[PDB]
Amino acid sequence: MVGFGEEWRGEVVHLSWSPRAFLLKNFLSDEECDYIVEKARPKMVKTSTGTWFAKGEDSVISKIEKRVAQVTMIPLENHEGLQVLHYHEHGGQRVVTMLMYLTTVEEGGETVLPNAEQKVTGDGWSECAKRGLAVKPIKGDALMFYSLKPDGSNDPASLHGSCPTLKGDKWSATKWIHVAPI
Ligand SMILES: [Cl-]
């Protein structure tokens with residue numbers, strides 16, 4: 001799994017400069033989300049359950065991993081494997097997080113960034129979500145953000161957590177990528 005591997009094409013929404021963050025709409029197909037859930041399901045171990053796929057371990061996931069390299073412009077040598085969660089030498093510093101929603105969550109369950117410069121307000125945001133910048137889980141969407149400033153210093157605005165789900169069932173996959181080859 002090196003370099004960059006027909007490209008992905010969807011909608012990009014800029015969310016913030018602190019942390020620098022983008023929403024990628026329909027980054028995963030519905031078919032890809034359902035695959036990842038079912039492939040992960042029998043591996044899930046204990047809140048949330050989870051499992052880990054090594055970079056390049058799975059053929060369908062590997063296609064997606066290439067897509068992440070392409071959109072981030074960072075070669076696959078720098079990437080970790082894939083963490084899947086269900087809610088109920090090393091490459092140097094981590095620089096970018098990609099969080100992919102495998103299911104749509106009707107109410108609550110937002111990713112929240114409480115130290116972001118923005119807070120969400122009003123209709124359709126849970127009370128937890130209103131503590132910072134938040135993103136609704138929609139199947140196929142991906143939240144991309146940088147944990148370092150351009151000069152390589154820490155961006156504390158990139159701290160994130162999961163709001164409790166009030167209506168629905170939240171599955172997510174998280175890809176971390178480093179400044180250098182692992
Ligand atoms: Cl989350």
# chains A, B, ... in the order shown; residues from 1 in each chain; ligands from 1
$ closest_atom_pairs --of "chain A" --to "ligand 1" --cutoff "8 Å" --atoms "only C-alpha atoms and all ligand atoms" --output "JSON lines"
{"residue": "A:99", "atom": "CA", "partner": "ligand 1", "partner_atom_place_in_ligand_line": "1 (Cl)", "distance": 7.2}
{"residue": "A:109", "atom": "CA", "partner": "ligand 1", "partner_atom_place_in_ligand_line": "1 (Cl)", "distance": 7.4}
{"residue": "A:110", "atom": "CA", "partner": "ligand 1", "partner_atom_place_in_ligand_line": "1 (Cl)", "distance": 6.4}
{"residue": "A:111", "atom": "CA", "partner": "ligand 1", "partner_atom_place_in_ligand_line": "1 (Cl)", "distance": 4.0}
{"residue": "A:112", "atom": "CA", "partner": "ligand 1", "partner_atom_place_in_ligand_line": "1 (Cl)", "distance": 7.1}
{"residue": "A:160", "atom": "CA", "partner": "ligand 1", "partner_atom_place_in_ligand_line": "1 (Cl)", "distance": 7.2}
{"residue": "A:161", "atom": "CA", "partner": "ligand 1", "partner_atom_place_in_ligand_line": "1 (Cl)", "distance": 5.5}
{"residue": "A:162", "atom": "CA", "partner": "ligand 1", "partner_atom_place_in_ligand_line": "1 (Cl)", "distance": 4.2}
{"residue": "A:163", "atom": "CA", "partner": "ligand 1", "partner_atom_place_in_ligand_line": "1 (Cl)", "distance": 7.3}
{"residue": "A:172", "atom": "CA", "partner": "ligand 1", "partner_atom_place_in_ligand_line": "1 (Cl)", "distance": 7.0}
$ write_last_selection --atoms "C-alpha atoms" --output "short mmCIF file (atom, residue, chain, number, x, y, z; two decimals), in the first residue's frame"
data_model
loop_
_atom_site.label_atom_id
_atom_site.label_comp_id
_atom_site.auth_asym_id
_atom_site.auth_seq_id
_atom_site.Cartn_x
_atom_site.Cartn_y
_atom_site.Cartn_z
CA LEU A 99 -14.11 10.11 9.86
CA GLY A 109 -25.01 11.06 17.57
CA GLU A 110 -23.18 14.09 16.08
CA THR A 111 -19.41 14.34 15.97
CA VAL A 112 -18.72 17.44 18.10
CA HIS A 160 -13.41 15.57 18.91
CA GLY A 161 -15.97 13.23 20.52
CA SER A 162 -19.26 11.48 19.80
CA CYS A 163 -22.58 12.89 21.08
CA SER A 172 -18.30 5.00 12.00
#
$ closest_atom_pairs --of "stretch 69-124 of chain A" --to "stretch 6-29 of chain A" --cutoff "9 Å" --atoms "only C-alpha atoms" --output "Markdown table"
| residue | atom | partner | partner_atom | distance |
| --- | --- | --- | --- | --- |
| A:70 | CA | A:7 | CA | 7.8 |
| A:71 | CA | A:8 | CA | 8.1 |
| A:100 | CA | A:28 | CA | 7.8 |
| A:101 | CA | A:28 | CA | 8.6 |
| A:102 | CA | A:28 | CA | 8.3 |
| A:113 | CA | A:19 | CA | 8.6 |
| A:115 | CA | A:18 | CA | 8.4 |
| A:116 | CA | A:18 | CA | 5.5 |
| A:117 | CA | A:18 | CA | 5.7 |
| A:118 | CA | A:16 | CA | 7.5 |
$ write_last_selection --atoms "C-alpha atoms" --output "short mmCIF file (atom, residue, chain, number, x, y, z; two decimals), in the first residue's frame"
data_model
loop_
_atom_site.label_atom_id
_atom_site.label_comp_id
_atom_site.auth_asym_id
_atom_site.auth_seq_id
_atom_site.Cartn_x
_atom_site.Cartn_y
_atom_site.Cartn_z
CA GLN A 70 -6.18 10.90 -3.47
CA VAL A 71 -8.53 13.41 -1.69
CA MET A 100 -16.65 8.21 7.71
CA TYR A 101 -20.31 7.73 8.71
CA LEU A 102 -21.52 4.23 7.91
CA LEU A 113 -15.55 19.59 18.17
CA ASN A 115 -12.82 23.73 20.97
CA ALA A 116 -13.65 24.77 17.37
CA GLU A 117 -14.08 28.47 16.72
CA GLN A 118 -17.78 27.83 15.66
#
$ select_by_dssp --residues "stretch 15-182 of chain A" --states "strand (DSSP E or B)" --output "ChimeraX atom specification"
/A:15-17,20-24,45,49-53,79-86,94-101,107-108,111-113,133-135,142-146,148,154,161-162,165-167,171-178
$ atom_distance --atom1 "atom CA of residue A:51" --atom2 "atom CA of residue A:87"
12.3 Å
$ select_by_dssp --residues "stretch 19-116 of chain A" --states "alpha helix (DSSP H)" --output "PyMOL selection string"
chain A and resi 30-40+59-72
$ closest_residue --among "A:130, A:119, A:63, A:175" --to "residue A:144" --atoms "only C-alpha atoms"
A:175
$ closest_atom_pairs --of "stretch 51-168 of chain A" --to "stretch 36-39 of chain A" --cutoff "10 Å" --atoms "only C-alpha atoms" --output "JSON lines"
{"residue": "A:58", "atom": "CA", "partner": "A:39", "partner_atom": "CA", "distance": 9.3}
{"residue": "A:60", "atom": "CA", "partner": "A:36", "partner_atom": "CA", "distance": 8.4}
{"residue": "A:61", "atom": "CA", "partner": "A:36", "partner_atom": "CA", "distance": 7.5}
{"residue": "A:84", "atom": "CA", "partner": "A:37", "partner_atom": "CA", "distance": 8.1}
{"residue": "A:85", "atom": "CA", "partner": "A:37", "partner_atom": "CA", "distance": 9.3}
{"residue": "A:86", "atom": "CA", "partner": "A:37", "partner_atom": "CA", "distance": 8.9}
{"residue": "A:102", "atom": "CA", "partner": "A:37", "partner_atom": "CA", "distance": 7.2}
{"residue": "A:103", "atom": "CA", "partner": "A:37", "partner_atom": "CA", "distance": 9.0}
